[PDB]
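Asks: The following block contains the structure, expressed as C-alpha cells.
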Amino acid sequence: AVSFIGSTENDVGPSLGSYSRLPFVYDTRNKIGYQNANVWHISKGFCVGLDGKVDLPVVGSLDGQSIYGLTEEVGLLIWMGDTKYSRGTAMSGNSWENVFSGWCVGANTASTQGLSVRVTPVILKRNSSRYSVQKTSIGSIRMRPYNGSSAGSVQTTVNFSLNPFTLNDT
C-alpha cells in the first residue's frame, strides 16, 4: 500500500538567506534546498520512483542542464530527485522528467519514500551590486508507481517554492 505523509507546499532554502561568492554560478551546496525522507509511506511490494517538473522559464544552458530564470540578472541551476542530495537529477526544460528510477519495498516490509530539491544561484547580467529575489514557485515532484503498483486516490504531487534570498556580488 501507499499513503501520503508529507506537505503539499514546501519552501526551498532559508527565508531571506544571503549568499556571497558570467554566467557566474554561486557555490551554495545544499543550502538552498528542501529535503524530506518521509513524503510517502509504502509497504508490501509497492514499487515507486519520482518525476520532477520545473515551471520556471529556461533562459540558458550550462553543461547539459537548463538555467532557469528568476529575474533579468538572476537565474538558477536545479536538481530534483530522491532524498539524498547526491542523487539529484539535473533539470532541463519544463516537462515531467524521470528524476529517480525508483525502488520496490519488501513484500513484508514498510518503509518511506522521500525527495529533494536543490538549486544554485547564477548571475546572468549585472548592474548597486546586490541581487534580491522574492518567493517564487519552482515546480513540482510526483511519485511514479510502477510494476503494476497503483496510487489509488493518494495524493501524488507536492510543490516547491523558492524562499526569497539575496546575492552579494561584492
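Order determines the names: the first chain of the C-alpha cells is A, the second B, and so forth; residues in each chain are numbered 1 upward, and ligands are numbered 1 upward as they are shown.
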Name the residues in contact with segment 114-126 of chain A at a cut-off of 6 Å, using only C-alpha atoms, excluding same-chain residues fewer than 6 positions from it; report them as a PyMOL selection string.

Replies: chain A and resi 23-26+28+32-39+73-83

Asks: Would you save the residues of that selection, restricted to C-alpha atoms, as a PDB file, in the first residue's frame?

Replies:
ATOM      1  CA  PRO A  23      27.182  33.308 -16.136  1.00  0.00           C
ATOM      2  CA  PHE A  24      28.625  33.058 -12.645  1.00  0.00           C
ATOM      3  CA  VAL A  25      27.447  30.118 -10.531  1.00  0.00           C
ATOM      4  CA  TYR A  26      27.311  30.558  -6.755  1.00  0.00           C
ATOM      5  CA  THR A  28      25.677  27.281  -2.259  1.00  0.00           C
ATOM      6  CA  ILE A  32      19.205  26.423  -0.919  1.00  0.00           C
ATOM      7  CA  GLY A  33      17.300  23.187  -0.857  1.00  0.00           C
ATOM      8  CA  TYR A  34      14.482  21.113   0.566  1.00  0.00           C
ATOM      9  CA  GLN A  35      14.845  17.532   1.653  1.00  0.00           C
ATOM     10  CA  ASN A  36      12.366  15.151   3.290  1.00  0.00           C
ATOM     11  CA  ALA A  37      12.887  11.394   3.684  1.00  0.00           C
ATOM     12  CA  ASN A  38       9.250  10.801   4.559  1.00  0.00           C
ATOM     13  CA  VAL A  39       6.818  12.056   1.930  1.00  0.00           C
ATOM     14  CA  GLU A  73      20.054  39.300 -13.531  1.00  0.00           C
ATOM     15  CA  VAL A  74      19.419  36.104 -11.556  1.00  0.00           C
ATOM     16  CA  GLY A  75      18.793  32.513 -12.601  1.00  0.00           C
ATOM     17  CA  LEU A  76      19.166  29.002 -11.197  1.00  0.00           C
ATOM     18  CA  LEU A  77      20.550  25.541 -11.869  1.00  0.00           C
ATOM     19  CA  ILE A  78      18.118  22.995 -10.399  1.00  0.00           C
ATOM     20  CA  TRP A  79      18.243  19.369  -9.229  1.00  0.00           C
ATOM     21  CA  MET A  80      15.354  17.145  -8.172  1.00  0.00           C
ATOM     22  CA  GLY A  81      15.461  13.539  -7.062  1.00  0.00           C
ATOM     23  CA  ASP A  82      15.456  11.038  -4.227  1.00  0.00           C
ATOM     24  CA  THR A  83      16.059  12.074  -0.602  1.00  0.00           C
TER      25      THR A  83
END

Asks: So which bits of segment 26-124 of chain A end up strand (DSSP E) when you DSSP the backbone, as an NGL selection string?

Replies: :A and (33-43 or 47-54 or 58-62 or 65-69 or 74-81 or 89-90 or 97-104 or 110-123)

Asks: Contacts of residue 11 of chain A at 6 Å or less, counting only C-alpha atoms, minus same-chain residues fewer than 6 places along, as a VMD selection string?

Replies: chain A and resid 160 to 163

Asks: Between atom CA of residue 103 of chain A and atom CA of residue 151 of chain A, what is the distance, to one decimal in Å?

Replies: 15.0 Å

Asks: Excluding residue 7 of chain A and residues on its chain fewer than 3 positions from it, collect all residues at most 9 Å away from it, counting only C-alpha atoms, and give them as a ChimeraX atom specification.

Replies: /A:4,10,39,158-159

Asks: Segment 14-100 of chain A near segment 133-143 of chain A within 10 Å: what's each residue's closest atom pair and its distance in Å to one decimal, counting only C-alpha atoms, ordered by chain then ascending residue number, as CSV?

Replies:
residue,atom,partner,partner_atom,distance
A:15,CA,A:135,CA,8.6
A:16,CA,A:134,CA,8.6
A:39,CA,A:143,CA,9.5
A:40,CA,A:143,CA,8.4
A:48,CA,A:143,CA,6.5
A:49,CA,A:143,CA,5.8
A:50,CA,A:143,CA,4.6
A:51,CA,A:142,CA,5.4
A:52,CA,A:141,CA,4.3
A:53,CA,A:140,CA,5.3
A:54,CA,A:139,CA,4.3
A:55,CA,A:139,CA,4.9
A:56,CA,A:138,CA,6.0
A:57,CA,A:138,CA,9.8
A:68,CA,A:138,CA,9.3
A:70,CA,A:133,CA,7.3
A:71,CA,A:133,CA,7.4
A:73,CA,A:133,CA,9.9
A:74,CA,A:133,CA,7.9
A:75,CA,A:133,CA,9.7
A:78,CA,A:138,CA,9.2
A:80,CA,A:141,CA,7.8
A:81,CA,A:141,CA,8.4
A:94,CA,A:139,CA,8.9
A:96,CA,A:141,CA,8.4
A:97,CA,A:141,CA,9.3
A:98,CA,A:141,CA,9.7
A:99,CA,A:141,CA,8.7
A:100,CA,A:143,CA,9.4

Asks: Let me see the file: selected residues, N, CA and C atoms, as a PDB file, in the first residue's frame.

Replies:
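File out.pdb, as written:
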ATOM      1  N   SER A  15      14.552  31.455   4.523  1.00  0.00           N
ATOM      2  CA  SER A  15      13.935  32.720   4.165  1.00  0.00           C
ATOM      3  C   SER A  15      14.901  33.885   4.321  1.00  0.00           C
ATOM      4  N   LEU A  16      14.969  34.706   3.279  1.00  0.00           N
ATOM      5  CA  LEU A  16      15.840  35.876   3.237  1.00  0.00           C
ATOM      6  C   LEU A  16      17.302  35.541   3.546  1.00  0.00           C
ATOM      7  N   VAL A  39       7.915  11.400   2.629  1.00  0.00           N
ATOM      8  CA  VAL A  39       6.818  12.056   1.930  1.00  0.00           C
ATOM      9  C   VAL A  39       5.672  11.080   1.650  1.00  0.00           C
ATOM     10  N   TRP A  40       6.013   9.821   1.384  1.00  0.00           N
ATOM     11  CA  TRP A  40       5.023   8.764   1.164  1.00  0.00           C
ATOM     12  C   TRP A  40       5.435   7.574   2.014  1.00  0.00           C
ATOM     13  N   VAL A  48       7.946   2.319  -6.402  1.00  0.00           N
ATOM     14  CA  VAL A  48       7.756   3.727  -6.733  1.00  0.00           C
ATOM     15  C   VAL A  48       9.045   4.517  -7.035  1.00  0.00           C
ATOM     16  N   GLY A  49       8.924   5.447  -7.981  1.00  0.00           N
ATOM     17  CA  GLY A  49      10.021   6.322  -8.364  1.00  0.00           C
ATOM     18  C   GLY A  49       9.495   7.753  -8.303  1.00  0.00           C
ATOM     19  N   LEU A  50      10.202   8.702  -8.915  1.00  0.00           N
ATOM     20  CA  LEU A  50       9.777  10.104  -8.892  1.00  0.00           C
ATOM     21  C   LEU A  50       9.970  10.829 -10.227  1.00  0.00           C
ATOM     22  N   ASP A  51       9.016  11.699 -10.563  1.00  0.00           N
ATOM     23  CA  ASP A  51       9.091  12.539 -11.749  1.00  0.00           C
ATOM     24  C   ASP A  51       9.187  13.962 -11.199  1.00  0.00           C
ATOM     25  N   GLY A  52       9.925  14.817 -11.899  1.00  0.00           N
ATOM     26  CA  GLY A  52      10.079  16.198 -11.487  1.00  0.00           C
ATOM     27  C   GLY A  52       9.705  17.136 -12.621  1.00  0.00           C
ATOM     28  N   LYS A  53       9.228  18.330 -12.281  1.00  0.00           N
ATOM     29  CA  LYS A  53       8.847  19.310 -13.298  1.00  0.00           C
ATOM     30  C   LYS A  53       9.157  20.728 -12.841  1.00  0.00           C
ATOM     31  N   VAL A  54       9.924  21.471 -13.641  1.00  0.00           N
ATOM     32  CA  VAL A  54      10.243  22.861 -13.316  1.00  0.00           C
ATOM     33  C   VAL A  54       9.332  23.772 -14.148  1.00  0.00           C
ATOM     34  N   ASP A  55       8.700  24.742 -13.492  1.00  0.00           N
ATOM     35  CA  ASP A  55       7.778  25.656 -14.168  1.00  0.00           C
ATOM     36  C   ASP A  55       8.379  26.998 -14.549  1.00  0.00           C
ATOM     37  N   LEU A  56       9.607  27.234 -14.103  1.00  0.00           N
ATOM     38  CA  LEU A  56      10.329  28.465 -14.403  1.00  0.00           C
ATOM     39  C   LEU A  56      10.791  28.478 -15.854  1.00  0.00           C
ATOM     40  N   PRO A  57      10.902  29.675 -16.461  1.00  0.00           N
ATOM     41  CA  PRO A  57      11.350  29.797 -17.855  1.00  0.00           C
ATOM     42  C   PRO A  57      12.822  29.426 -18.025  1.00  0.00           C
ATOM     43  N   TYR A  68      17.414  28.322 -15.334  1.00  0.00           N
ATOM     44  CA  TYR A  68      16.043  28.807 -15.221  1.00  0.00           C
ATOM     45  C   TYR A  68      16.058  30.247 -14.731  1.00  0.00           C
ATOM     46  N   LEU A  70      14.832  33.795 -12.972  1.00  0.00           N
ATOM     47  CA  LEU A  70      14.077  34.325 -11.840  1.00  0.00           C
ATOM     48  C   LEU A  70      13.843  35.807 -12.127  1.00  0.00           C
ATOM     49  N   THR A  71      14.922  36.510 -12.470  1.00  0.00           N
ATOM     50  CA  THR A  71      14.873  37.934 -12.799  1.00  0.00           C
ATOM     51  C   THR A  71      15.768  38.160 -14.011  1.00  0.00           C
ATOM     52  N   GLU A  73      18.670  39.542 -13.910  1.00  0.00           N
ATOM     53  CA  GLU A  73      20.054  39.300 -13.531  1.00  0.00           C
ATOM     54  C   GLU A  73      20.302  38.005 -12.765  1.00  0.00           C
ATOM     55  N   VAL A  74      19.240  37.340 -12.316  1.00  0.00           N
ATOM     56  CA  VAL A  74      19.419  36.104 -11.556  1.00  0.00           C
ATOM     57  C   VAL A  74      18.649  34.898 -12.082  1.00  0.00           C
ATOM     58  N   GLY A  75      19.356  33.769 -12.135  1.00  0.00           N
ATOM     59  CA  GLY A  75      18.793  32.513 -12.601  1.00  0.00           C
ATOM     60  C   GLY A  75      19.206  31.372 -11.681  1.00  0.00           C
ATOM     61  N   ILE A  78      18.996  23.725 -11.312  1.00  0.00           N
ATOM     62  CA  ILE A  78      18.118  22.995 -10.399  1.00  0.00           C
ATOM     63  C   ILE A  78      18.249  21.485 -10.487  1.00  0.00           C
ATOM     64  N   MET A  80      16.471  17.772  -8.873  1.00  0.00           N
ATOM     65  CA  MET A  80      15.354  17.145  -8.172  1.00  0.00           C
ATOM     66  C   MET A  80      15.661  15.655  -8.148  1.00  0.00           C
ATOM     67  N   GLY A  81      15.190  14.960  -7.120  1.00  0.00           N
ATOM     68  CA  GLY A  81      15.461  13.539  -7.062  1.00  0.00           C
ATOM     69  C   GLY A  81      15.070  12.910  -5.749  1.00  0.00           C
ATOM     70  N   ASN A  94      10.720  22.111 -19.314  1.00  0.00           N
ATOM     71  CA  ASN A  94       9.544  22.269 -18.463  1.00  0.00           C
ATOM     72  C   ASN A  94       8.580  21.092 -18.492  1.00  0.00           C
ATOM     73  N   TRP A  96       7.595  16.894 -17.468  1.00  0.00           N
ATOM     74  CA  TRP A  96       7.831  15.977 -16.365  1.00  0.00           C
ATOM     75  C   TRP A  96       9.041  15.151 -16.789  1.00  0.00           C
ATOM     76  N   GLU A  97      10.021  15.030 -15.903  1.00  0.00           N
ATOM     77  CA  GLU A  97      11.206  14.251 -16.200  1.00  0.00           C
ATOM     78  C   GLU A  97      11.414  13.214 -15.101  1.00  0.00           C
ATOM     79  N   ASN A  98      11.952  12.054 -15.480  1.00  0.00           N
ATOM     80  CA  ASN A  98      12.235  10.985 -14.518  1.00  0.00           C
ATOM     81  C   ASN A  98      13.420  11.456 -13.682  1.00  0.00           C
ATOM     82  N   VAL A  99      13.215  11.679 -12.385  1.00  0.00           N
ATOM     83  CA  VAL A  99      14.310  12.143 -11.542  1.00  0.00           C
ATOM     84  C   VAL A  99      14.808  11.124 -10.519  1.00  0.00           C
ATOM     85  N   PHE A 100      14.143   9.961 -10.475  1.00  0.00           N
ATOM     86  CA  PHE A 100      14.528   8.844  -9.604  1.00  0.00           C
ATOM     87  C   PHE A 100      13.926   7.562 -10.195  1.00  0.00           C
TER      88      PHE A 100
END

Asks: Return the single residue from A:169, A:60, A:164, A:69 that is closest to residue 13 of chain A, with distances computed using only C-alpha atoms.

Replies: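 Closest to residue 13 of chain A of all the choices is A:164.
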
Asks: Take atom CA of residue 145 of chain A and atom CA of residue 90 of chain A and report the distance between them in Å, one decimal.

Replies: 21.4 Å
